[PDB]
Amino acid sequence: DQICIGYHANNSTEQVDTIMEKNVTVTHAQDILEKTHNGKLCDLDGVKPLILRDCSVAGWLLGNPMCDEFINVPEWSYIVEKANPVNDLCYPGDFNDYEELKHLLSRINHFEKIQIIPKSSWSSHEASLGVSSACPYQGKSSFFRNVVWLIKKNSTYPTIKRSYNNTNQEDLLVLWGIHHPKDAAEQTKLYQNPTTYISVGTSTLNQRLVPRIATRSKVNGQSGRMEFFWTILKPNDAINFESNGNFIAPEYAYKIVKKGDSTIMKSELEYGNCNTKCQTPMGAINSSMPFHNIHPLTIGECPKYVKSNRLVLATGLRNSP
Amino acid sequence: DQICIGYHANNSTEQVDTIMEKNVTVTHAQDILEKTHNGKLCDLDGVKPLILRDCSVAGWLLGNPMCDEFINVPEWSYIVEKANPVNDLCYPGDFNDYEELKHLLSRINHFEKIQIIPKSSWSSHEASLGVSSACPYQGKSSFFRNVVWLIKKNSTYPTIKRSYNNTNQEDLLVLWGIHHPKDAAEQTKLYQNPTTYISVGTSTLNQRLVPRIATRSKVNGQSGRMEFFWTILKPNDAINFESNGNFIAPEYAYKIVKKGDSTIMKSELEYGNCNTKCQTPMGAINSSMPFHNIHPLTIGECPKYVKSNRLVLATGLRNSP
Amino acid sequence: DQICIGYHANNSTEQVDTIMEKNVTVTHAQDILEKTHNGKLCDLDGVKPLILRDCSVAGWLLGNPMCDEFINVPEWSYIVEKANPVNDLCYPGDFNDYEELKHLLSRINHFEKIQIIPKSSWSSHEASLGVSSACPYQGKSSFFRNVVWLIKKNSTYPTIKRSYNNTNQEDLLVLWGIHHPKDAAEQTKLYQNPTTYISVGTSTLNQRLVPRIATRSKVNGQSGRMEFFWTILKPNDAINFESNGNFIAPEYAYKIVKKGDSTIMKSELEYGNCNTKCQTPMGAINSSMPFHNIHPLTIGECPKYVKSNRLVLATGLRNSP
Amino acid sequence: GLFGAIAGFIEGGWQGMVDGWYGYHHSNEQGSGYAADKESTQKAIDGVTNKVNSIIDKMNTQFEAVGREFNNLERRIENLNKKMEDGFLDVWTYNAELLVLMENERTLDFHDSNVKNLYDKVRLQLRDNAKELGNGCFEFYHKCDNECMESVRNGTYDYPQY
Amino acid sequence: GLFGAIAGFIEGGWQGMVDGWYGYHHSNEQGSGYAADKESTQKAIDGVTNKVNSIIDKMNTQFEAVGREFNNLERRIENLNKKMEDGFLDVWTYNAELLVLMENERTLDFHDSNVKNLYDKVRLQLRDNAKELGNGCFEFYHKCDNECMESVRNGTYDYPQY
Amino acid sequence: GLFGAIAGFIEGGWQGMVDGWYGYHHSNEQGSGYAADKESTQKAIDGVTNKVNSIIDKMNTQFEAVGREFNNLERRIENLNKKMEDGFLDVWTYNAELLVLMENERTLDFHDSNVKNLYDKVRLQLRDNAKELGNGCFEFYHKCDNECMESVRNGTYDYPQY
Ligand SMILES: *[C@@H]1O[C@H](CO)[C@@H](O[C@@H]2O[C@H](CO)[C@@H](O[C@H]3O[C@H](CO[C@H]4O[C@H](CO)[C@@H](O)[C@H](O)[C@@H]4O)[C@@H](O)[C@H](O[C@@H]4O[C@H](CO)[C@@H](O)[C@H](O)[C@@H]4O)[C@@H]3O)[C@H](O)[C@H]2NC(C)=O)[C@H](O)[C@H]1NC(C)=O
Ligand SMILES: *[C@@H]1O[C@H](CO)[C@@H](O[C@@H]2O[C@H](CO)[C@@H](O[C@H]3O[C@H](CO[C@H]4O[C@H](CO)[C@@H](O)[C@H](O)[C@@H]4O)[C@@H](O)[C@H](O[C@@H]4O[C@H](CO)[C@@H](O)[C@H](O)[C@@H]4O)[C@@H]3O)[C@H](O)[C@H]2NC(C)=O)[C@H](O)[C@H]1NC(C)=O
Ligand SMILES: *[C@@H]1O[C@H](CO)[C@@H](O[C@@H]2O[C@H](CO)[C@@H](O[C@H]3O[C@H](CO[C@H]4O[C@H](CO)[C@@H](O)[C@H](O)[C@@H]4O)[C@@H](O)[C@H](O[C@@H]4O[C@H](CO)[C@@H](O)[C@H](O)[C@@H]4O)[C@@H]3O)[C@H](O)[C@H]2NC(C)=O)[C@H](O)[C@H]1NC(C)=O
Ligand SMILES: *[C@H]1O[C@H](CO)[C@@H](O[C@@H]2O[C@H](CO)[C@@H](O[C@@H]3O[C@H](CO)[C@@H](O)[C@H](O)[C@@H]3O)[C@H](O)[C@H]2NC(C)=O)[C@H](O)[C@H]1NC(C)=O
Ligand SMILES: *[C@H]1O[C@H](CO)[C@@H](O[C@@H]2O[C@H](CO)[C@@H](O[C@@H]3O[C@H](CO)[C@@H](O)[C@H](O)[C@@H]3O)[C@H](O)[C@H]2NC(C)=O)[C@H](O)[C@H]1NC(C)=O
Ligand SMILES: *[C@H]1O[C@H](CO)[C@@H](O[C@@H]2O[C@H](CO)[C@@H](O[C@@H]3O[C@H](CO)[C@@H](O)[C@H](O)[C@@H]3O)[C@H](O)[C@H]2NC(C)=O)[C@H](O)[C@H]1NC(C)=O
Ligand SMILES: CC(=O)N[C@H]1[C@H]([C@H](O)[C@H](O)CO)O[C@@](OC[C@H]2O[C@@H](O)[C@H](O)[C@@H](O)[C@H]2O)(C(=O)O)C[C@@H]1O
Ligand SMILES: CC(=O)N[C@H]1[C@H]([C@H](O)[C@H](O)CO)O[C@@](OC[C@H]2O[C@@H](O)[C@H](O)[C@@H](O)[C@H]2O)(C(=O)O)C[C@@H]1O
Ligand SMILES: CC(=O)N[C@H]1[C@H]([C@H](O)[C@H](O)CO)O[C@@](OC[C@H]2O[C@@H](O)[C@H](O)[C@@H](O)[C@H]2O)(C(=O)O)C[C@@H]1O
Ligand SMILES: *[C@@H]1O[C@H](CO)[C@@H](O[C@@H]2O[C@H](CO)[C@@H](O)[C@H](O)[C@H]2NC(C)=O)[C@H](O)[C@H]1NC(C)=O
Ligand SMILES: *[C@@H]1O[C@H](CO)[C@@H](O[C@@H]2O[C@H](CO)[C@@H](O)[C@H](O)[C@H]2NC(C)=O)[C@H](O)[C@H]1NC(C)=O
Ligand SMILES: *[C@@H]1O[C@H](CO)[C@@H](O[C@@H]2O[C@H](CO)[C@@H](O)[C@H](O)[C@H]2NC(C)=O)[C@H](O)[C@H]1NC(C)=O
Ligand SMILES: *[C@@H]1O[C@H](CO)[C@@H](O)[C@H](O)[C@H]1NC(C)=O
Ligand SMILES: *[C@@H]1O[C@H](CO)[C@@H](O)[C@H](O)[C@H]1NC(C)=O
Ligand SMILES: *[C@@H]1O[C@H](CO)[C@@H](O)[C@H](O)[C@H]1NC(C)=O
Ligand SMILES: *[C@@H]1O[C@H](CO)[C@@H](O)[C@H](O)[C@H]1NC(C)=O
Ligand SMILES: *[C@@H]1O[C@H](CO)[C@@H](O)[C@H](O)[C@H]1NC(C)=O
Ligand SMILES: *[C@@H]1O[C@H](CO)[C@@H](O)[C@H](O)[C@H]1NC(C)=O
């Protein structure tokens, strides 16, 4: 008669690593790394992202004619932009402090577009001939819809002096611009005055722009350039413009109604018709694992990202052959 | 007859955590995390801090009339500044490269103020009418005490050409400024000349400022602005000024006599009448512990900061019920 | 009769540390930290570095007359520059975005210098009198060899309008400059025209420089200054210049033929006549150890840097006295 | 293993013991079979469970990367940003992999320890009333019926009775 | 514990042993009492002390945050700065908490080991001149007076004498 | 050590055992000598070797500093850069030093364990056919010639034969 002491074995082939030994077969194990995703861009907690498609943040905000899909976008959870969106600045130029603005957007979920300076109210200047073949719309020459390219009327560009007072409760994103012409002839052709400027002031802002002239290569068939600027006009503050010419005046500006958690996600993928609690640029995640290895840039309630191919903890004991 | 092997027990209720078990009662333990502070701003090793109170670094250095307390401050250990000091730039404007200067201060313990261009020596310009209601002192209009707001004399602003040679052994912090007027009328009213400038040169520096005019909102009842600039004039080097108007000339500059370890600490607290070897923005620390969890920004001989609520090491063994 | 169980001992004095005990003598150990270097700058995988000696990256690229050694340098593995090279900008001034360019170089192994605007082709301006005592060569006044200091011819500086089209396959580094004169007399003396400019354009670039005048201290016996600028001209793109005076025109520009892994290493050492697979600013490394403590900035196939004085793993067991 | 029981003096585990991690196998005239030791098994389940949760929880606060963009003349800070983000990922990847390796070793050893202690517990009861065979088993000098066997599993093996 | 002594085959500690961490309790016709084992106790004090100092010292060099300020159009680098400083705090907080957990486990096991080894030391002297009771105690076959007891604590227990 | 064998009940090692880490010393009328236990020795070599490679490999991906330069009015980001690079060096220096300390402790204990288990293996064969002396040695009741000794080292010691 005997009694023996022993331990459990089973048919398990699960393996774990240790410092001294690799591929130890154990009776039980627990995988803690999520390796799969659905490969789609999805609603985050039901709230759809803003998918800019072929438009950039600039094309969107300035109102590139090809970006009318985003004329009045609802609240978003996150933003998706391609690596090289084709519909950027239709008329070539620069966007001043573009990156600092994109960063500002990561703290914004919703814009409300409103009119601050009507197009009709330019009674001393020509406001409806500010177009170009570089910005086409249905076969015809158009322009950034949110700003007004003003030119001379009956051979006269009188000094502009306009003021807008932010009577809204919300911070306001104001956009404007300056046109850099090809040569001296074009300057007088569009604006008459050979030496012009744009002065912009607010509570804090103290700007004065002058158009720079130079021979330039033709981007989208244009030797002229547009340099765009922005500011955040706080409530009860007023913005003041003064100019001799080359002024790209604001028509519409965006109210900042909702501030919160957001991000601009770089991805070539389109909308998945889909919902998730955790999104990556490669696809969404539905997992209870504490770790994943899909992509480092995520948004939502996510596992922690690691570069591992494999993380498996032993729970049971060394399994017998 | 018998002999037994055993181990110590006592009345201890100290508990420690392990990977596999939490709240294990042990006979002896050692807490290694400092959790307490005295809640005061104190002398560091006997050397009192500079407590700016309601003044900012700008108000202090430029010589805001409300900041006379700091007209000639002694050596400091560290500097304390509120989050929103009310006595900043009394006359509205900007301070150029303000943050880079504040960073420079973290390597400075003592300034010595000296006069480089006397107020009396402006024999062709009016130097005693450079005041404003925006910078009041005892009910009367005053101005930043360390710079001189020069205006026309008998309807004339002749070209200024002044040079100062750093004959001191110490690096010298030089401050100056430019006035941005409301409109063309005010420009000629103060300085006569419609088109002016300020050119500043040193061994390295090559500056030329021009006043920018624009309609601006009224901060402290002023539509004009003051933009302030600085440089470090090295020994045996000379600074050269030239201007038509709008020049805010230096009177006093600061010698850098002592360079060492310092910091600008953001805090709403006042002086504690107190001494310590380790200071935080929330209060000082007197501890022999290797860790603390008070605040990450400290100065002096301090424990290492961690985010833990609790760090307790077992020394003894598992205590018996 | 008996049989005993025991373990190995030997004459080893190797020691290792543990958490609970330091300096435990063990029978066998393995050192894993490389502590030695050869103290020399060496070829990396046979490919010699560019050792600038007394020249800086600016002196080299602009073509400082004292830096003719580097008139046409072959492919390099890495670059070595002193902390304070004496042959920098011979004529005093600034190099615009100098650090961003040096960073660009860390991704470059080889330049090919080519002529884009011949010196002879300046038929309306004097191109062979653009020299200074600040840039001496064999006792005579010379100048940066890669740019042309143009001045008036027969008392006339007509407007320059030059264009170069990048027909090469490679990206092209283009350098140019602006002269800042001492006073109004010198301006008309060199260039006639009192108010001048330089306008530079490319596909992206939209520049317009104006010479700033001021009284300045004499560096290398000069009160005038040279401010230098650069851009990367992409293939099939054209650069356009226009100027009234003060233009320092390009003659030679550098093709970027090889892009790869490189670095600018700060060191006072000279060439060792030597070869290695891993280089530091203090000397090279030939080791199979996984760690070293020589210097953090390395290039090549290197061990990982740590701040330890000692890393020794136990392999054997506790050795007996 | 460090403790010498699992795949040591006990050569292999038991497919036939389904209801616990460690236990007993008895063999007498009435028959034979397996019985799990409840106490030591539940001890093991609590320790390993607490460990997993401790591991998961400690990795809770950890670096999260954010999107930042930079223009063509901001290459230095762009590189800084990239080196910063990668640096933290490498650190947390190292932490996670090393913790799993280290604690897996300790989990296997822990089980080995629990078996060794259960074996000693029984050895210390039986003393010289049984032959220690050297393989995990004890051969009795007296007959040990099922109640006798149960008293061994109990902790109640009445040594003076035999 | 891993070694099976503390709160294992020795059910509980002794309030009555005040002068050391581990030791002996004797019981005979002359009386009874506790005596600390000096050697094993001092060994334990040295190990634990070295450990604490090793822990403290390793955390000596560690990230110190510095104040840096940024204007309204330097949000990207301000965020970089913040993410950098927080990143290192989280890393060092993790290191400190994990080290305390891991080494606390090893400290408790170390004590368990020291008790087990002291018990075996005595078992190996007495051999078959005493009954191993199964609870930390040894019942002698011969009378063991105070000098007899002392020789057990000595290491000098003269086995052939009994 | 945790397992009590090395510099414990076995007072010291053997200069005379050259061909392995652990083994046997025999002593009878025919003579005496050392013999290494092949199996347990090779086990130890595999574990320690795997450990070293595991250590080396885990430190493979680790922070590499790059040169970045900044002008006189970029002091804030220069400081950021420096604090970033130093921060990671301190972290990886800590990781490396702590890993070496922790694993050195485990390597010494591992050897101690291997000796203890080899000792128990032999004890469990001999049982009551030899006196356990208390110092690593077993004194036989019967004569044990070289073939007898070999069977102990074998695992084949025929207990019923004696
Ligand atoms: C952009 O436009 C907005 C409005 O369209 C400007 O804000 C307003 O600015 C005016 C001055 O131009 C101020 O007028 C007077 O209003 C307050 C009213 O008092 C309180 O109660 C009402 C309740 O309806 C509330 O709206 C106010 O916020 C306030 O709490 C007057 O008390 C005050 O008049 C004073 O009289 C005192 C003697 O009785 C004098 O000592 C004072 O010197 C003063 O004259 C004031 O002048 C509005 O207060 C103000 N409203 C708001 C909501 O801000 C805004 O300034 C403009 N921006 C720019 C940049 O121009
Ligand atoms: C701001 O002001 C300071 C002084 O107020 C300027 O520094 C001085 O600049 C002058 C030139 O304007 C130099 O003058 C001459 O002084 C040296 C003296 O020699 C040595 O010994 C004295 C001991 O007292 C010491 O002070 C000096 O530092 C120096 O080591 C002369 O040797 C030298 O004259 C030379 O004569 C040689 C033939 O004998 C010639 O070959 C040379 O070409 C040269 O003419 C020199 O010219 C001072 O040296 C200088 N002092 C100091 C302390 O710097 C400073 O330049 C000014 N800044 C600006 C931006 O203008
Ligand atoms: C700097 O200089 C270079 C050349 O020195 C400029 O690049 C060239 O620019 C010219 C326009 O000025 C273009 O001319 C015509 O060439 C293509 C040829 O077609 C293809 O096949 C050849 C094979 O040899 C290849 O070289 C080309 O790359 C191309 O793939 C013509 O097809 C085209 O002409 C068109 O005719 C169509 C009707 O047939 C019309 O609808 C079109 O509107 C168009 O007129 C074109 O115009 C060259 O293509 C171009 N070559 C290269 C290699 O880039 C460069 O533009 C200049 N830079 C600046 C900033 O000015
Ligand atoms: C663990 O196991 C031992 C051995 O099985 C237990 O002892 C046995 O306990 C049973 C159930 O209580 C006893 O049965 C009872 O016997 C009495 C007297 O004959 C009778 O009046 C009851 O109706 C019932 O049948 C049994 O006698 C007893 N046997 C022996 C040999 O001791 C023990 O109780 C268990 N202890 C623990 C802590 O689990
Ligand atoms: C550890 O303890 C044992 C047992 O107590 C020690 O043996 C005893 O040692 C004492 C003190 O040295 C001896 O006392 C002496 O006896 C002689 C002869 O009678 C006498 O001349 C002296 O004046 C003194 O009284 C005692 O005889 C002895 N007893 C026995 C039973 O051995 C032992 O020395 C200790 N060893 C160590 C390493 O601590
Ligand atoms: C481990 O060692 C034991 C003891 O040395 C081994 O047993 C011995 O094995 C040898 C070699 O096989 C035997 O020798 C042979 O004996 C037979 C019969 O006399 C003879 O015909 C052969 O020519 C040869 O001499 C020897 O008898 C035997 N001795 C004893 C006492 O058992 C055993 O085989 C070894 N086992 C292992 C697993 O290594
Ligand atoms: C408001 C206005 O003046 N619109 C013009 C525009 C501007 O004058 C010009 O872009 C400013 O630099 O120019 C437009 O013509 C230029 C255009 O002409 C085409 O024939 C040619 O194919 C193009 O390469 C280009 O030169 C324009 O379309 O942009 C006309 C517009 O009405
Ligand atoms: C040196 C000088 O000219 N000081 C004036 C000052 C400046 O002309 C002006 O600030 C430059 O922009 O203006 C002062 O008057 C302006 C002031 O007038 C008050 O009546 C009113 O309450 C204010 O809103 C403001 O318009 C000034 O005090 O700043 C007078 C000063 O002497
Ligand atoms: C192209 C040209 O004009 N070269 C001049 C040069 C420039 O006019 C000047 O540097 C622009 O600011 O000036 C040179 O003379 C100046 C020089 O004169 C020496 O006598 C004196 O020793 C120096 O301090 C300095 O003033 C020059 O060498 O730079 C002559 C050159 O031909
Ligand atoms: C442990 O097992 C893993 C998983 O099977 C092994 O990984 C395989 O290795 C072989 C040979 O190197 C390759 O052909 C396979 O591609 C690997 N498979 C996977 C899924 O990664 C690993 O090599 C084993 N390690 C050791 C030390 O034995
Ligand atoms: C271990 O003990 C700590 C300290 O007592 C426990 O913390 C308390 O938890 C209870 C219930 O969650 C709360 O009501 C108290 O607020 C906590 N007190 C403190 C001081 O933190 C902890 O919950 C215990 N943990 C376990 C696993 O038993
Ligand atoms: C362990 O040994 C090292 C190496 O010998 C000791 O380091 C020496 O320490 C002494 C006294 O502090 C100094 O005089 C020497 O300069 C040190 N030598 C080296 C090479 O570093 C160390 O002190 C010992 N540590 C302990 C705890 O005993
Ligand atoms: C392993 O055994 C389990 C019993 O728990 C059974 O469910 C499963 O089907 C078996 N798998 C294989 C591959 O035999
Ligand atoms: C996620 O996956 C689980 C399976 O584990 C599934 O039951 C659940 O419905 C999924 N949730 C969502 C939101 O897709
Ligand atoms: C615990 O016992 C110690 C004796 O060391 C004594 O000083 C202390 O007062 C006791 N505390 C309690 C609460 O009983
Ligand atoms: C700090 O606290 C200790 C108590 O641990 C006290 O004795 C000492 O005086 C204090 N030191 C200072 C400078 O306050
Ligand atoms: C130690 O012993 C080894 C034998 O392996 C021998 O080669 C070496 O010379 C010895 N060294 C010393 C210092 O005795
Ligand atoms: C590096 O050192 C080894 C010695 O370990 C030597 O044999 C080898 O030649 C050296 N290699 C080079 C490239 O210097």
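Below, each value reflects all heavy atoms present in this structure, side chains not excepted, and no hydrogens, waters or symmetry copies. Letters A, B, ... are given to chains in the order of the sequence lines, protein chains preceding strands, and every chain is numbered from 1.
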Side chain to side chain, C:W60 and C:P85, heavy atoms closer than 4.5 Å
no

Say whether B:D237 and C:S217, considering side chains only, have a donor N or O and an acceptor N or O under 3.5 Å apart.
yes

So does B:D261 have more than 12 non-hydrogen atoms from other groups sitting under 6.0 Å from CG?
no

Do the side chains of C:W230 and C:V174 get nearer than 4.5 Å, heavy atoms only?
no

Residue list, side chain to side chain contact (heavy atoms under 4.5 Å, CB included) with C:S223, at least two apart or on another chain
C:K182, C:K218

With sequence neighbours left out, the residues meeting salt bridge (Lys or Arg N to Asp or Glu O under 4.0 Å) with D:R76 are C:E100, F:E74

Between A:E227 and A:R212, does at least one N-O distance fall below 4.0 Å, as a salt bridge requires?
yes

Can you tell me if C:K189 has over 12 outside heavy atoms packed within less than 6.0 Å of its NZ?
no

Partners passing salt bridge (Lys or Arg N to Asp or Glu O under 4.0 Å) against C:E186 (at least two apart in sequence or in another chain)
none

Go through the structure and list residues passing side chain to side chain contact (heavy atoms under 4.5 Å, CB included) with C:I160, not counting sequence neighbours.
C:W122, C:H125, C:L150, C:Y157, C:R162, C:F247

So that I can tick it off, tell me whether E:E69 and B:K102 are bridged by a salt bridge, with the cut-off set at under 4.0 angstrom between side-chain N and carboxylate O.
yes

Find out whether C:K82 and C:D54 are in side-chain contact, i.e. whether some heavy atom of one side chain is under 4.5 Å from a heavy atom of the other.
yes

Between B:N240 and C:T215, does any side-chain donor sit less than 3.5 Å from a side-chain acceptor?
no

Side chain to side chain, B:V57 and B:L105, heavy atoms closer than 4.5 Å:
yes

Between B:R145 and B:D68, is the closest basic N to carboxylate O distance under 4.0 Å?
yes

Is there a side-chain contact between C:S132 and C:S141, using heavy atoms and a 4.5 Å cut-off?
no

I would like to know whether B:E81 and B:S56 meet side chain to side chain contact (heavy atoms under 4.5 Å, CB included); could you show each step before the answer?
CA-CA 6 Å; B:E81 185 187 50; B:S56 75; 3.6 Å; yes

Can you sort out the partners of B:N146 under side chain to side chain contact (heavy atoms under 4.5 Å, CB included), two or more places apart, ordered by chain and number?
B:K113, B:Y252, B:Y254

Tell me which one of C:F143, C:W149, C:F228 satisfies ring-ring contact (aromatic ring centres under 6.0 Å, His included) with C:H179.
C:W149

Do B:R225 and A:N206 have side-chain atoms, one donor and one acceptor, less than 3.5 Å apart?
no

In terms of side-chain geometry, is the basic nitrogen of B:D171 or B:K255 positioned less than 4.0 Å from the acidic oxygen of its partner?
no

Any side-chain donor near an acceptor of the partner, C:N244 and C:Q192, under 3.5 Å
no

Looking just at side-chain N and O atoms, do B:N72 and B:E112 make a donor-acceptor pair shorter than 3.5 Å?
no

Residue pair B:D94 / B:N96, side-chain heavy-atom distance below 4.5 Å:
no

Within-4.5 Å side-chain heavy-atom neighbours: B:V210 and B:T196:
no

If you round to the nearest 0.5 Å, how far is OG of B:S124 from NZ of B:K152?
15.5 Å

Can you establish whether the number of heavy atoms outside B:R208 located under 6.0 Å from its atom CZ is more than 12?
yes

Using the test side chain to side chain contact (heavy atoms under 4.5 Å, CB included), find all partners of B:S262 that sit at least two apart in sequence or belong to another chain.
B:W76, B:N109

Are C:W176 and C:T231 close enough that some pair of their side-chain heavy atoms sits under 4.5 Å apart?
yes

Give a yes or no on whether C:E268 atom CD has more than 12 heavy-atom contacts from other residues, nucleotides or ligands under 6.0 Å away.
yes

